[PDB]
């Protein structure tokens, strides 16, 4: 199992674009989309050699844990040991899935979900990035990460025109953060101040504040965070970096949550 993206708000007409690596010995992979793990508007399952299928896409819904009627396509534009991109557009009547070869297909919204709040990846596909339309990842929670020492995540977003604050939290869970990263445009009596902190068993550590503030209301921004056991390296927009001490005993980052006045356009996992 890989990434579980939750707290999404993919509204009708909006898409997510998942790019990943198909394993050299791929048998099967899954992208599960919907409300939660039990309530899927799309179980998208390319089966290379699994479940009685060879080189066949199987799609289904999952309602209260129950599988529905399966749909199989003829096209199979996936190859072990290659990069593939899959786009899923949410809509009220039908989802649209766009595959690597140009091919598209429809899958009915049977649960009549209002939005996609949840995407999980499983099987023989290593997610490299997820890209999001509109404000669908504004509250993104990325769980079941396994960001090991030396590994980075890259967040690209648009700061809101009237932005007060945004946050990127990285650690084990919401109470155990090796980095709470908090650019404050105008929040908690700080103006244009980056505040960083740890959180250990729910308790805030000692803040670190930066001098530079390479963010602007309304501007796109890219932030990269590299996890190492001693320090995290934060690559701020436009060629600035700083380090933040890792004050927790985590040996990997399993959790990233984004909130506030930053519309996440993509997350990439290096």
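Positions refer to the first chain, counted from 1.
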When mean C-alpha B-factors in the record are compared for 109-117 and 152-160, the larger belongs to 109-117
Entry B factor averaged over C-alpha atoms, 73-81 against 88-96: higher for 88-96
Most elevated Cα B-factor in the entry, residues 129, 135, 198, 169: 135
Note to self: of 207, 238, 241, 63, the C-alpha temperature factor tops out at 63
Tertile call for residue 260 (CA temperature factor, within chain, third-based) is the lowest
Splitting the chain's C-alpha B-factors into thirds, which one does residue 215 fall into? middle
Consider only the C-alpha atoms of the modelled residues in this chain, order them by B-factor as the entry records it, and name the third containing residue 194: lowest, middle or highest. lowest
Entry-reported C-alpha B-factor of residue 68 relative to its chain, by third, is highest
Sorting the chain's modelled residues by C-alpha B-factor, tell me whether residue 9 ends up in the lowest, middle or highest third. highest
